[PDB]
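Participant: Questions regarding the structure given below will be posed in turn.
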Amino acid sequence: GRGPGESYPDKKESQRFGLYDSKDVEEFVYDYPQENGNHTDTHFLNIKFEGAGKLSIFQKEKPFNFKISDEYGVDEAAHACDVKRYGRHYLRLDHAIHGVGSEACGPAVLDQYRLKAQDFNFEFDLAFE
Amino acid sequence: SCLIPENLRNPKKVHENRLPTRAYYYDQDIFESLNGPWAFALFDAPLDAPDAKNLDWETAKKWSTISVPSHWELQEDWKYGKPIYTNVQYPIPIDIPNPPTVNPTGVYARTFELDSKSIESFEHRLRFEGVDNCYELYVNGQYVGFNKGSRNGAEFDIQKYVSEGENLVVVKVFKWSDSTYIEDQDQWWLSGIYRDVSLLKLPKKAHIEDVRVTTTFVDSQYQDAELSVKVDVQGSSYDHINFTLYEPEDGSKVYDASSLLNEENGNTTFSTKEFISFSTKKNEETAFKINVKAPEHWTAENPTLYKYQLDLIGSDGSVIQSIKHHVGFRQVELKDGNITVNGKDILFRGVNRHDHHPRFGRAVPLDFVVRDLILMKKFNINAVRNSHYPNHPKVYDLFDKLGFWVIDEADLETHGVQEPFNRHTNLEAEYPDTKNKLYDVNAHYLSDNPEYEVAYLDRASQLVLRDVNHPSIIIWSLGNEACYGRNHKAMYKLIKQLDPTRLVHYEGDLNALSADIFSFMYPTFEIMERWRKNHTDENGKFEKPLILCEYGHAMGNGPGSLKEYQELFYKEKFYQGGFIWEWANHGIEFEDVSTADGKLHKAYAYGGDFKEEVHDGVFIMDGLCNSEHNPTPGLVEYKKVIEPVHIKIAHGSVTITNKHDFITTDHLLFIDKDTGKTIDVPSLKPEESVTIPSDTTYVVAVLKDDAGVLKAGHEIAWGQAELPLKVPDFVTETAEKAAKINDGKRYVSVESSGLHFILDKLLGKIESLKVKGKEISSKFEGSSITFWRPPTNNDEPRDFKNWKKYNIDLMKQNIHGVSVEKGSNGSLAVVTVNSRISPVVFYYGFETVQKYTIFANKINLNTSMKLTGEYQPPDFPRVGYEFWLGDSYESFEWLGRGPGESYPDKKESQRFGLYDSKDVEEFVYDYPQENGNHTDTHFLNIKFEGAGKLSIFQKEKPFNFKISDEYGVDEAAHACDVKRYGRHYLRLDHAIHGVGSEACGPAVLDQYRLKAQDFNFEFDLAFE
Ligand SMILES: [Mn+3]
Ligand SMILES: [Mn+3]
């Protein structure tokens, strides 16, 4: 999918398609903790488990969104060092995500990038090697 | 300690309510299998397990099931844990006699049906063939008893407890107990009901409980013998016993897995070729002694058996119970200082065999055990040691029928008491002649601990009384590596009282104060020889002989020098052979993640793979056969060194010597391989020989007819005349061809019709050598001459440490001068390269001269290597060139040793001949290491598609070579971790280090070590 860095509906085109390895990427730390680390237009995702190979994950007929991390208490952490961390990782596996825009000072997320309220229908496969 | 149940920490609680041990006989009419799915639940410790006095079947019905027999660490998805491998160290803390408080407890439950007639007609028992570590037994919510001794059997009387209809059996199995301390064999820790469970239905009013059969020769010429049959009948309602001995079936009898394992049957007429009949009289002793006229001897080389039928008979003259078994006429003695069978001082051609299966562990299907023994017979083995416990009871008929000298061994090992001592004193080495003083220090914990006497005696009593009637068993062993103490003396007294007919072995007893035999493990020849001399008096008499209960450690590439051990065996009557360690690798099949692939592959696990806190790594993989129980080059070599016929070809003569203990050569067909016609060889008795004039080079000894489990045409022995090194008749093109020589700043070119030679002068590297469509180039990393090999298991403890310490893996070639001159005597050009080959960090290295004399169809490579500098290594792994083969490469062919690999001290089984790489399945080691070398190679032809062959030969001496695909061998944990290039290479070697057995045993012997020295050798690269 898109990489090596994060990508969002209206902030993704610099992140070209390719095969990416989490080991090759320094994930970006925001000076003010907030939504980060999503990967949009993901074709498939392989999660490697020690001594047991991979779990492959893919969404049917459309690319998906994902985030793999450690972190929580992000909403209320004032600075990077205030971010809390679990004793294990999680996968945030997403059908869709709201765009990013520039509304702090400027236009709202444009229409075509907004995650409008609607029915959701999506199929995932959890394929184990 | 009230958090540990009393029976799991009482050395004296060997059992509760177990019946006395009796001779084992399987009877289809009496035995009813309770194998299959059982309700099963696993608990953290005894205190979490339910009270079995209150466990309903209605409750247990709801549990998951496990299949009996099986270990609970070997289930689908590792549901109840994984195997643990320790060698010496205990996997628990030492606090004798306490087990750990957290003690995995498995509760088994199942039901069985009982008839109205059944309870009236029969005595009901439960027989458990093996349960690890110990268990209490319940029937219909009532405690029956308790038992310890994992590899021993147990019977319990069940009559009081059984009801008409459904009956509930509940077994509580515990992983650890005070018994753990004496069950410390170098093997996998595995738990559960891993052997058969049976319901026995014996005739109620009277039945046969036990039988003793002995055969003693009446005479010093071993002709007439006394057959003694003593029967223990239980109950009043019988008249007498009948006994029928049948005419013998010769040991050459043909068997297969099906006929060996056939268990039938009730209406089956055992035999009808009557030989002797005896009847007892009413109210008289149910025993007798018979004189037997010159019976056929039972021997491991010829396992001749007399079938017999013993009948218990009632008042109405009807048959109450029958035993159908066999008699083997054989007598073992200690005679004039030797282990003697039928007067003959025998030679052990042996192995240690553990119970192991790569998927089922110690729960080995009989089918698989048969497989083992057929393979043993196919490879000239004549003896097995039951390391280190009795096997499944049905196995011993297999030994009886196929013919093996058997050491049946008590389930008793104490090794772990030494580990803290070894570490605290920083002990580096143990030697067979002195190590007993180290074990003496800790004997008081167990083997010299009075609290354990009952346990130790029980292991002896159980060992002997179950298996007393098998002619194949000639020696009882008191256990293994358990130190030496009073308990061993007690075991010896008991075994001699129980069974005076056999001899007693115990290696932990150096001076055999309570053994009949001396025994060493992994001894040096010097140590063997010291012992021999100190135990042979001035007259030449010895009181007891020496065997090697363990020797020639078969771990990985090896063992080296089996030859030298064998020469010693044949030279001295005092030595009576040995049992190599071990039969097969203990690998457990599992899914591995590949280091080469990143993908999941089938592999064979050793210590560490199941993530044990403490383990002993790759020492699991120490067999002549791999984890799948298939032959390695170890087994192939062993078969040759122990071959029971010697065939020596020299000076127009074939000398054949019979090296059997008993049998003649009559069963053997001798073929002159050079002509295909057979050779008339006179019938040779043991030790007899014959010289026959012949022009032959190669003679084979082969089986005339199917006999035992061997097929007609099976090779038993062979010999070859030594083969002089002949220079191939290759015609070097010495005609004058115009050749363009381009000596550039860095690169030197030599071009001629059909020839292209490019050398990098900076590196000493051949960039490309293409002659007549055939291309090679140097496989270059630092040096054009390399020295490293992926360390074998034997290399690891010492030689590897040295080679790494001296940076032999980082040897560099530093070019000093390159000389380029026009061709002289038919030559196109001469390129001479002067360099120092030396590793980083170090002074030592070789002042090297490489002279490339280039002809149109040949390249002569002269190598001169002068060893210079201070602080040198003692030896090298290897020395030679590495070449990439061109894309055209398809296969190879060689004149030399084959078809398999060969090494300086592991080569003689690989006879000389012309071999084709296409005919050979190259051996894959369970643990990746040095492999695939071919020693004593006369010439090597490398075939390139569409361009013929490149012939390679070394001047005046045979050479070594390996052609492969592989790398990352040093660090690959399993076969699937081995990486592969997109092209093949040739490893072309002047010399190679021997292999030895140093992982556990002697270092590579002097004459096989690749000592640090000057190297001078010349190769020709001849292009067709
Ligand atoms: Mn802060
Ligand atoms: Mn691996």
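One line per chain: the protein sequences are A and D, in this order. Numbered by PDB author numbering, the letters in the first sequence go through residues 897 to 1025 in order. Numbered by PDB author numbering, the letters in the second sequence go through residues 2 to 1025 in order. Just so you know, even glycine gets a beta-carbon here, dropped at the ideal spot from N, CA and C.
1. Using a cut-off of 9 Å between C-beta atoms, extract the partners of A948/A located in chain D.
2. Going by DSSP, what residues sit across from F960/D in a beta bridge?
3. When DSSP labels each residue in this structure, what does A110/D get in the three-state scheme?
4. Closest to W79/D by CA distance: which of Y182/D, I589/D, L549/D is it?
5. State the DSSP-derived secondary structure class of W804/D, mapped to helix, strand or coil.
6. Note down the Cα distance separating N659/D from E688/D, rounded to an integer number of angstroms.
7. Taking one C-beta from the stretch 195 to 202 of chain D and one from the stretch 24 to 39 of chain D each time, how about it: are there three or more such pairs within less than 8 Å?
8. Helix, strand or coil for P634/D, going by three-state DSSP, please let me know.
9. I'd like to know whether the C-beta atoms of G131/D and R363/D end up nearer to each other than 9 Å.
10. Starting from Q814/D, follow the beta strand (DSSP E) in both directions and report where the run begins and ends.
11. Measuring CA to CA, which of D906/A, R898/A, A1013/A, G901/A is closest to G997/A?
12. Residue 1/D lies in the alpha helix (DSSP H); which residues open and close that run?
13. So, does the stretch 658 to 674 of chain D touch the stretch 683 to 700 of chain D, judging by three or more C-beta pairs under 8 Å?
14. Cβ closer than 7 Å: which chain D residues qualify as neighbours of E923/A?
15. With a threshold of 9 Å between beta-carbons, can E902/A be considered close to chain D, or not?
16. Any Cβ of chain D within less than 9 Å of the Cβ of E931/A?
17. Could you check if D978/A belongs to the surroundings of ligand 1, using beta carbon to heavy atom distance under 8 Å?
18. Where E946/D and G827/D are concerned, what is the direct C-alpha to C-alpha distance, given to the nearest angstrom?
19. Between the Cα of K1012/D and those of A992/D, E1019/D, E999/D, spot the shortest distance and give me the residue it belongs to.
20. Sorted by chain position, which residues of the same chain lie with C-beta nearer than 6 Å to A713/D's C-beta, five sequence neighbours on each side aside?
21. Taking the straight line between their C-alpha atoms, what separation do you get for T735/D and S595/D?
22. One question on the structure: do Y247/D and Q322/D come within less than 9 Å of each other, judged by their Cβ atoms?
23. Buried or exposed for residue 1/D, please, with buried defined as at least 16 other CB atoms from any protein chain shown within 10 angstroms of its CB.
24. Hey, does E1025/A have any beta-carbon neighbour from chain D nearer than 9 Å?
25. Pick from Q188/D, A155/D, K118/D, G154/D: whose alpha carbon is nearest that of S164/D?
26. Is it the case that the Cβ atoms of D937/D and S903/D are separated by a distance below 9 Å?
27. With a floor of 4 residues, list each alpha helix (DSSP H) that falls wholly inside the stretch 114 to 185 of chain D, ordered by position along the chain.
28. How should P683/D be labelled, buried or exposed, when 16 other C-beta atoms within 10 angstroms of its C-beta is the threshold for buried?
29. Are the CB atoms of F801/D and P792/D within a distance shorter than 9 Å?
30. By the three-class DSSP mapping on this structure, what secondary structure does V407/D have?
31. Taking 8 Å as the cut-off, does the stretch 363 to 375 of chain D touch the stretch 424 to 437 of chain D (at least 3 CB pairs, one atom from each stretch)?
32. Comparing alpha-carbon positions, which option in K545/D, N470/D, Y986/D, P304/D lies nearest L514/D?
33. Since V370/D is in the alpha helix (DSSP H), which residue starts that stretch and which ends it?
34. Are the beta-carbon atoms belonging to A516/D and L464/D less than 9 Å from one another?
Facilitator: Taking the geometry as given:
1. Listed along the chain, the chain D residues whose CB falls inside 9 Å of the CB of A948/A are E592, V594, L601.
2. Beta-bridge annotation (DSSP): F960/D is paired with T938/D.
3. It is a strand residue.
4. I589/D
5. helix
6. 5 Å
7. yes
8. helix
9. yes
10. 812 to 823
11. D906/A
12. Outside the shown range of chain D (2 to 1025) lies residue 1/D, about which nothing can therefore be said.
13. yes
14. The contacting residues do not exist; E923/A stays about 22 Å from chain D at best.
15. Cβ-Cβ to chain D under 9 Å: no for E902/A.
16. No, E931/A does not count as interfacial toward chain D.
17. yes
18. 29 Å
19. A992/D
20. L704, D706, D707
21. Inter-residue distance for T735/D and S595/D is about 52 Å (C-alpha atoms, whole angstroms).
22. no
23. It is not possible to answer for residue 1/D, since the shown part of chain D is limited to 2 through 1025.
24. yes
25. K118/D
26. yes
27. Listed in chain order, the complete alpha helix (DSSP H) runs (minimum 4 residues) inside the stretch 114 to 185 of chain D are 117 to 122.
28. Per the 10 Å Cβ criterion, exposed.
29. Going by beta carbons, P792/D and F801/D fall inside the 9 Å limit.
30. strand
31. no
32. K545/D
33. Looking at the DSSP string, the run of the alpha helix (DSSP H) that includes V370/D is 367 to 379.
34. Cβ atoms of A516/D and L464/D: not closer than 9 Å.
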